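Have a look at the structure below, then the notes.
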Amino acid sequence: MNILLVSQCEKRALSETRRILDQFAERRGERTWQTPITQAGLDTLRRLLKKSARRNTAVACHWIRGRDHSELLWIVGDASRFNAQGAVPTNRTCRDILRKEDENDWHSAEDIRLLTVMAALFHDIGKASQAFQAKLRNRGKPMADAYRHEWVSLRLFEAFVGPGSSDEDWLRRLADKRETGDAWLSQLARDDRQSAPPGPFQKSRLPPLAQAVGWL
Amino acid sequence: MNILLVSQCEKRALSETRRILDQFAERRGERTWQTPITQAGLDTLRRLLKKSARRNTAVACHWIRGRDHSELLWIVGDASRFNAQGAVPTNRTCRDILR
Amino acid sequence: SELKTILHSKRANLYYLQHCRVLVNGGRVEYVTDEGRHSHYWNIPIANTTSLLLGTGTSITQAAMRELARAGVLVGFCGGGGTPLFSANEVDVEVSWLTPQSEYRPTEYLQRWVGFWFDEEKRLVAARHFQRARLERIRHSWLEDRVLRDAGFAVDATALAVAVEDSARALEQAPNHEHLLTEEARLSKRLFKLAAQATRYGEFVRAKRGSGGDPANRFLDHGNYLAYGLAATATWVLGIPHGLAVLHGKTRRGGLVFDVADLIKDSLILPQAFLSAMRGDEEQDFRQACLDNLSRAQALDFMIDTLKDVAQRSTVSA
Amino acid sequence: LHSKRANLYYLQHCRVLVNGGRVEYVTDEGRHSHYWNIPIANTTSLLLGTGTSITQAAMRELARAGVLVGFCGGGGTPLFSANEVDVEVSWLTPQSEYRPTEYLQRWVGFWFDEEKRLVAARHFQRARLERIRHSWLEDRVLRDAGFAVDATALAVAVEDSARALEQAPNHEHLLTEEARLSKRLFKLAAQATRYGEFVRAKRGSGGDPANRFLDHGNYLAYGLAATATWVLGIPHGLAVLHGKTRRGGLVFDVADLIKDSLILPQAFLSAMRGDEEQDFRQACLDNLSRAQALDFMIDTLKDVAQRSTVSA
Amino acid sequence: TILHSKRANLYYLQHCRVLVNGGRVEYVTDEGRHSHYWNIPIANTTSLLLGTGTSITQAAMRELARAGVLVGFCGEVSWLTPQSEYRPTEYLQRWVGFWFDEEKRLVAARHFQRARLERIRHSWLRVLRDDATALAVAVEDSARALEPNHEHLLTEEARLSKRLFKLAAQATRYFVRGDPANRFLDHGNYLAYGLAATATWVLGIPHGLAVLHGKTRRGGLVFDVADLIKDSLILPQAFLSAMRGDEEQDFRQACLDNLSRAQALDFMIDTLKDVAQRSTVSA
Amino acid sequence: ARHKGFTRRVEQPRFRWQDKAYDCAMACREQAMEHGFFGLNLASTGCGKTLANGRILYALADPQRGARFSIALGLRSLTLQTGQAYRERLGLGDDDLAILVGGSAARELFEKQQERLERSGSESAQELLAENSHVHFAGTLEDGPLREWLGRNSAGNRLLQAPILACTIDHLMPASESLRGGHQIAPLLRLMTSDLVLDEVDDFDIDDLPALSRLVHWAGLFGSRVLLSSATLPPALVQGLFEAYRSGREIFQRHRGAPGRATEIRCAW
DNA sequence: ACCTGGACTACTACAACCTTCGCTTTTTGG
DNA sequence: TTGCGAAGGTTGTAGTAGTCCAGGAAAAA
């Protein structure tokens with residue numbers, strides 16, 4: 001079998017490995033050897049190199065198994081000077097070039113941001129009711145409000161969106177800044193009436209995203 | 001066929017040969033490349049190396065013809081670095097020793 | 001002329017990268033990894049490479065892409081670890097290819113191919129030819145490669161002969177596409193059974209959509225993508241568009257890659273995946289063994305030869 | 001936006017990456033670069049130029065949305081690599097966001113009929129001889145440039161070529177007429193520029209500045225035509241005028257539409273002023289952009305197919 | 001550690017000093033302004049040949065003998081055998097028991113000639129490609145001649161060598177034993193003598209005792225053992241190489257390759273052991 | 001980070017199994033970072049499980065960046081001496097381990113002030129934590145990324161800053177069991193940003209185990225890594241808890257990490 | 001007037017880190 | 001809060017060979 005041995009040692013380790021290896025192979029390069037050797041020779045070479053190795057030793061042995069094929073047998077000493085295939089890096093540096101802190105992997109950050117921001121802009125809208133304002137200005141004995149302000153906000157939002165409509169409808173309507181007018185408050189199904197209207201969360205009342213915003 | 005290429009280049013020639021050879025093979029060492037290749041690609045390699053060579057360039061190519069046998073194909077640049085078989089001197093000295 | 005001297009069918013290297021950045025450094029195309037307190041530059045022999053698959057956490061720059069294209073090397077992004085790039089509902093996208101456009105390819109094969117793709121019956125004949133070639137190659141690989149036998153791949157010849165003969169009988173009698181697809185599925189299941197038996201694996205069931213957890217399924221799912229790369233480069237080299245699928249197009253986008261990949265996905269992938277799982281190896285070892293095996297079997301040459309033959313016979317029958 | 005019809009944008013000096021599920025561009029000019037107004041939908045295509053990089057996650061998101069991607073060269077030409085467009089037929093109906101094309105069917109529907117190919121070649125030649133007139137006569141900017149075009153001789157040559165083109169029975173006669181018109185236009189421009197006797201050396205062997213300028217303009221125009229065919233979806237091999245054997249025929253056929261009308265004046269002007277390569281390249285790109293060539297190439301290519309199907 | 005057959009190197013040096021440098025054995029050759037050090041892989045070598053204009057230092061001989069390698073000086077050839085190693089004895093005892101009796105010593109001398117003839121026949125029948133009837137006739141005639149006294153055996157061997165030389169010259173189409181063929185034959189003879197000395201030392205038999213050339217020159221056993229491979233391969237190799245118009249170094253590398261490809265050392269050692277065993281059997 | 005006490009080997013032969021578990025932690029670290037973790041600890045009493053838990057959890061965390069985790073006891077009230085004993089056994093200075101003394105508050109006590117405060121409509125201004133609870137910590141407190149919203153020195157910011165926390169399970173349960181107000185903000189942020197260790201879980205009463213299951217599910221739903229610890233864990237409890245953790249982990253992987261990867265928790269005993 | 005090892009002493013080749021700066025490429029058989 | 005790769009200059013280190021001085025060895029079965 002013919003093999004190729006390459007050294008990447010440094011400092012005194014280099015002289016030692018040069019001494020040990022030069023007994024078996026002719027020098028084809030400042031750090032490369034190559035020669036036809038038998039199995040026993042290879043085992044004894046591995047043993048000898050293992051015995052006297054240091055911290056700065058890194059020697060790799062490749063076998064030219066046959067046609068268009070060659071394999072890495074073993075690495076003696078430090079294994080961080082080669083990759084799995086036995087190649088070596090071409091250059092090195094300390095300055096980070098991957099700069100992998102800019103990009104994160106929160107795959108739903110934007111959806112959360114949009115849902116929250118839309119929910120924030122409407123959440124406390126119910127505080128415009130006259131009863132709430134009177135309570136704010138009232139200094140005397142307090143009376144608990146007949147309805148929570150969040151429920152009023154939900155009813156106002158439901159009235160605005162318009163029942164049974166697909167998402168794009170109300171989205172487009174809201175986005176159009178020119179459109180203004182209080183003509184959509186006639187659909188405010190008040191819950192004080194004798195007949196209790198259907199709950200806003202039923203299937204025919206709101207589209208999906210509308211319910212997602214309404215829950216928040 | 002699989003080949004073994006060893007670069008003895010010097011000074012500026014080193015960067016050029018490293019640039020050319022890196023297109024064709026992986027690096028197994030500071031000055032060693034080794035990969036399978038076809039005859040046409042090898043001829044292109046040699047021609048490209050010859051074209052832009054300089055005074056210091058020194059490159060050698062060995063062929064693993066078969067089992068337990070290998071041959072030297074060519075050298076580009078100065079052949080003083082390598083001997084007839086392709087090996088390289090281990091040391092040099094200006095001081096006469098032979099006498 | 002200079003970079004493209006080596007034919008696509010004689011180059012040696014195929015690459016699959018992860019957690020790296022591809023860029024040009026000092027006139028060479030290299031990819032940089034991270035090692036904590038230092039970064040390393042590794043070189044890529046573009047003149048001896050066919051394809052390039054980029055997985056998770058990778059990026060590439062315009063200068064690198066310009067260098068790659070000049071040498072006629074395909075590049076494609078894929079979901080890491082055998083899983084598809086993007087999946088949702090019935091949508092699937094395994095790879096997003098970036099084929100070169102600065103090169104000009106031969107005009108004979110495209111003209112012969114497009115001269116029948118708009119005829120149903122000729123497409124059926126082409127599909128039948130594809131399947132016949134597949135069965136022949138399967139028999140060759142499983143009963144004529146002594147390397148697999150030495151590695152420990154033993155199969156009862158009689159059962160294989162029975163299965164292949166039954167499949168050939170059923171296939172050639174297929175009246176329409178659906179029968180062909182169903183018969184191909186039947187043959188696939190039978191081959192799974194036989195392969196599992198051969199290496200004493202035990203009871204095996206093939207998952208779908210990369211949901212498998214046992215080593216066999218993961219190894220097969222990863223080994224699929226190498227075939228995709230080889231098929232893509234084989235289709236490009238002849239100048240045939242990826243979209244003109246003949247068999248699998250009904251379910252995928254850019255199906256011809258999948259069609260031409262099937263010729264090899266069972267001759268050398270299944271045995272090697274099973275052998276590796278039996279050995280308890282890991283992803284890197286299986287990938288290396290499979291790539292060596294493909295290179296030794298000269299798969300790309302076979303794919304190109306089959307495509308040429310199918311086009312020629314399609315023309316001749318007319 | 002190179003072309004209004006194609007909806008094709010060009011990006012430079014930018015890193016494309018994803019932060020929290022959204023594709024983001026980082027470039028000088030911060031959060032004011034107009035790259036934030038690029039509709040990401042089925043009807044967009046991105047071309048990345050000088051100083052640019054793209055992450056794998058970004059292209060996952062783009063593929064999810066259905067946006068094609070391509071890497072061009074400095075300024076928008078030439079094209080190095082890009083995605084590929086699939087066909088649209090009754091069968092072959094996968095579920096994906098990418099919008100397919102239909103012009104390959106119509107193109108292949110006549111490329112096998114020799115006479116229809118003859119008609120198409122006639123249309124291409126007519127388009128070229130039409131555009132030569134506009135470029136060489138109407139351009140007030142070109143008139144102020146300095147090279148002086150004599151109306152009489154150019155009109156005589158254009159009319160003679162038009163007569164010859166209308167009466168070409170076979171392809172070879174059309175090629176001969178094309179060569180005659182090209183030589184005559186070369187001579188007219190040479191006389192106008194005072195450059196002296198000039199020729200089109202083979203292999204690009206010409207050492208004179210005119211030769212280098214002509215080769216460079218040719219390279220740029222071929223790149224632009226490659227972009228055109230890719231956008232539309234036709235293959236390069238399916239030549240119309242050239243021989244069926246010559247690879248890349250369609251690219252040169254489409255490229256010829258603008259070459260003799262845009263490149264030719266610029267090369268001689270640069271040679272007269274003796275400018276460097278970079279300035280010449282910039283001038284060619286500026287003239288191509290102003291003339292809105294790519295739009296014209298796309299429009300003509302669609303028009304041929306429309307006429308072929310209408311006459312069917 | 002490596003069997004002498006497995007070791008795959010044989011050197012023939014010239015105009016060089018052999019010295020130890022930094023614990024390694026290397027030989028130095030002048031070049032002009034600077035001098036060069038080339039290393040010798042002792043653990044992968046079988047023998048070493050020193051030509052004209054070379055010298056050695058005792059510190060190098062120490063290492064060479066320690067590793068087991070063999071050394072010798074040429075311009076017939078004086079060999080230094082490492083005495084610091086202990087070799088098997090039984091083979092030597094059998095060989096001396098055979099060699100003590102002149103009558104027994106007479107037997108088997110043509111046995112080696114027969115083995116060499118068989119090797120020639122088997123080797124001639126595809127490298128030399130890159131008449132069968134005439135070759136068979138010559139082999140049969142030689143065998144008939146070989147199968148009364150040692151002098152007749154020597155004359156028969158000389159006739160066989162002459163016939164083989166004539167046949168080789170005919171195949172080449174270029175013989176007389178100034179031409180490059182003669183010098184190439186001499187160099188090949190030197191190399192084969194080296195291989196024979198190496199094999200004999202490996203076995204452990206004494207070199208001085210000889211078979212058929214004992215009266216001819218000192219250390220006749222080495223020459224006798226060499227003859228087997230010399231006739232088998234040295235002749236055609238030298239003829240072809242000289243015909244090619246190749247320098248001495250090229251011929252020598254080719255001959256080393258051919259000997260290596262043929263596993264000649266195993267051939268010679270096995271044949272020597274077989275001859276010894278048969279001779280003991282006759283006793 | 002770089003805590004020598006968790007890295008130092010132990011010479012006493014009775015404390016070698018700790019080294020074995022610590023080694024297994026490195027052996028399993030890589031895949032746990034990507035797929036999850038669900039650890040068990042069945043060492044019998046008297047074996048000093050606290051140091052084992054500290055070392056094992058430290059080993060999992062990436063050495064380059066450091067480690068974070070919290071220890072919860074199944075005790076109604078946590079006396080200070082217990083926290084200091086934990087410090088001693090772990091050998092951590094007062095600048096690296098916060099202690100949450102006391103017990104949980106009553107639900108109805110906050111009601112009356114809320115009704116009184118409802119006069120003004122500022123119901124969002126209620127303190128995150130109860131008034132009795134105090135965080136015994138004296139480390140860095142100036143460079144809080146969330147300092148703006150949580151308060152400069154409120155209990156919340158101190159709780160969030162401390163790399164290691166010791167508390168009772170009743171102080172984390174408001175993450176999922178809270179029905180009114182904003183009592184679930186600080187513990188929820190703690191759950192997202194750190195890891196979890198449960199100690200003497202089977203000490204819980206039978207009818208409180210649903211709540212513990214819900215907490216474990218949410219802990220697995222936000223990217224933490226759980227590690228129970230006791231010596232009397234009946235199989236049914238462990239099976240139920242594993243199923244809950246896996247159910248939670250499956251949802252999380254949709255919204256984090258590389259899409260498409262399978263769901264293979266990395267169990268250990 | 002012998003021959004190596006070791007310690008000590010110059011004294012160059014390599015390699016990376018820091019600043020600017022232009023942004024192409026022959027482009028031809030198509 | 002801000003691209004990408006090349007060329008020129010500066011800074012630091014490992015690695016090579018010359019000089020001179022001192023000691024002269026290998027431990028089975």
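Every chain in the structure tokens takes a letter, A first, then B, and so on in the order presented; its residues are numbered from 1, and the ligands are numbered from 1 following the presented order.
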
Check every residue of chain G for an atom within 12 Å of chain A, counting only C-alpha atoms (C1' of nucleotides), and provide those that qualify as a PyMOL selection string.
-> chain G and resi 15-17

Writer output for current selection, C-alpha atoms (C1' of nucleotides), as a PDB file, in the first residue's frame:
```pdb
ATOM      1  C1'  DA G  15       1.055  35.965   7.879  1.00  0.00           C
ATOM      2  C1'  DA G  16      -2.398  39.057   9.643  1.00  0.00           C
ATOM      3  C1'  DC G  17      -4.178  43.608  10.780  1.00  0.00           C
TER       4       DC G  17
END
```

Which residues of chain G sit at most 8 Å from chain D, using only C-alpha atoms (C1' of nucleotides)? Give each one's shortest atom pair and distance in Å (one decimal place), in chain and ascending residue order, as a tab-separated table.
```
residue	atom	partner	partner_atom	distance
G:23	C1'	D:50	CA	7.0
G:24	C1'	D:278	CA	7.0
G:27	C1'	D:219	CA	6.6
G:28	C1'	D:203	CA	5.2
G:29	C1'	D:203	CA	7.1
G:30	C1'	D:246	CA	7.4
```

Hey, which bits of chain H sit within 12 Å of chain D, and for each residue what's the closest pair of atoms and how far apart in Å (one decimal), counting only C-alpha atoms (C1' of nucleotides), rows by chain and increasing number, as a Markdown table?
```
| residue | atom | partner | partner_atom | distance |
| --- | --- | --- | --- | --- |
| H:1 | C1' | D:30 | CA | 8.3 |
| H:2 | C1' | D:28 | CA | 6.1 |
| H:3 | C1' | D:13 | CA | 4.4 |
| H:4 | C1' | D:51 | CA | 4.8 |
| H:5 | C1' | D:51 | CA | 9.2 |
```

Output file for the selection above: C-alpha atoms (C1' of nucleotides), as a compact mmCIF listing (two decimals), in the first residue's frame:
```
# COMPACT_ATOMS: atom_id res chain seq x y z
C1' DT H 1 -25.52 51.18 12.88
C1' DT H 2 -22.52 51.00 8.18
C1' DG H 3 -21.67 46.62 0.73
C1' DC H 4 -17.81 43.87 -1.15
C1' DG H 5 -12.97 42.66 -2.45
```

Give as a ChimeraX atom specification every residue of chain H that touches chain B within 10 Å, counting only C-alpha atoms (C1' of nucleotides).
-> /H:16-18

Let me see the file: selected residues, N, CA, C and O atoms (P, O5', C5', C4', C3', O3' and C1' of nucleotides), as a compact mmCIF listing (two decimals), in the first residue's frame.
```
# COMPACT_ATOMS: atom_id res chain seq x y z
P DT H 16 12.79 25.33 9.11
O5' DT H 16 14.17 26.01 8.70
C5' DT H 16 14.24 26.82 7.56
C4' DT H 16 15.58 27.52 7.48
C3' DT H 16 16.78 26.60 7.69
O3' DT H 16 17.59 26.57 6.53
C1' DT H 16 16.94 28.58 9.06
P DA H 17 18.76 25.48 6.42
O5' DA H 17 20.08 26.28 6.84
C5' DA H 17 20.46 27.42 6.12
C4' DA H 17 21.47 28.23 6.90
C3' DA H 17 22.76 27.48 7.24
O3' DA H 17 23.89 28.28 6.93
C1' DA H 17 21.83 28.42 9.18
P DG H 18 25.37 27.64 7.01
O5' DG H 18 26.15 28.60 8.01
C5' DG H 18 26.26 29.99 7.74
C4' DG H 18 26.88 30.72 8.92
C3' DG H 18 28.20 30.13 9.40
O3' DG H 18 29.10 31.15 9.76
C1' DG H 18 26.61 30.06 11.16
```

Non-local contacts of residue A:103 (9 Å; only C-alpha atoms (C1' of nucleotides); under 6 positions in same chain excluded) as a list in words = residues 17, 18, 19 and 20 of chain D

What is the distance between atom CA of residue A:169 and atom CA of residue A:208, in Å to one decimal?
->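 That distance, rounded to one decimal, is 12.6 Å.
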
Polymer residues at most 12 Å from residue D:39, only C-alpha atoms (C1' of nucleotides), same-chain spacing of 6 or more positions, as a PyMOL selection string | chain D and resi 7-9+23+45-46+62+65-67

Same residues, C-alpha atoms, saved as a compact mmCIF listing (two decimals), in the first residue's frame:
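Everything below was put into out_7.txt:
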```txt
# COMPACT_ATOMS: atom_id res chain seq x y z
CA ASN D 7 -41.84 44.51 -12.97
CA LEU D 8 -38.14 43.82 -12.44
CA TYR D 9 -36.13 45.55 -9.71
CA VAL D 23 -36.93 40.19 4.73
CA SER D 45 -38.58 39.69 -9.60
CA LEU D 46 -35.29 40.65 -7.97
CA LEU D 62 -39.00 34.70 -1.06
CA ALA D 65 -44.05 34.37 -1.30
CA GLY D 66 -43.35 33.43 -4.93
CA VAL D 67 -40.59 35.79 -6.09
```

At a cut-off of 7 Å, using only C-alpha atoms (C1' of nucleotides), what residues contact residue B:35? Leave out same-chain residues fewer than 3 positions from it and give the result as an mmCIF file with N, CA, C and O atoms, in the first residue's frame.
```
data_model
loop_
_atom_site.group_PDB
_atom_site.id
_atom_site.type_symbol
_atom_site.label_atom_id
_atom_site.label_comp_id
_atom_site.auth_asym_id
_atom_site.auth_seq_id
_atom_site.Cartn_x
_atom_site.Cartn_y
_atom_site.Cartn_z
ATOM 1 N N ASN B 2 -5.235 9.656 -10.066
ATOM 2 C CA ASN B 2 -5.067 10.592 -8.966
ATOM 3 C C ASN B 2 -3.606 10.996 -8.884
ATOM 4 O O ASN B 2 -2.714 10.177 -9.115
ATOM 5 N N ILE B 3 -3.372 12.264 -8.553
ATOM 6 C CA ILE B 3 -2.055 12.869 -8.634
ATOM 7 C C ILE B 3 -1.752 13.570 -7.321
ATOM 8 O O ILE B 3 -2.644 13.859 -6.525
ATOM 9 N N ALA B 25 -8.063 21.351 -6.969
ATOM 10 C CA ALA B 25 -7.882 20.325 -5.956
ATOM 11 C C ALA B 25 -8.084 20.918 -4.574
ATOM 12 O O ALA B 25 -8.080 22.136 -4.400
ATOM 13 N N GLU B 26 -8.282 20.042 -3.595
ATOM 14 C CA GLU B 26 -8.320 20.462 -2.207
ATOM 15 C C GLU B 26 -6.912 20.469 -1.622
ATOM 16 O O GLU B 26 -6.020 19.749 -2.072
#
```
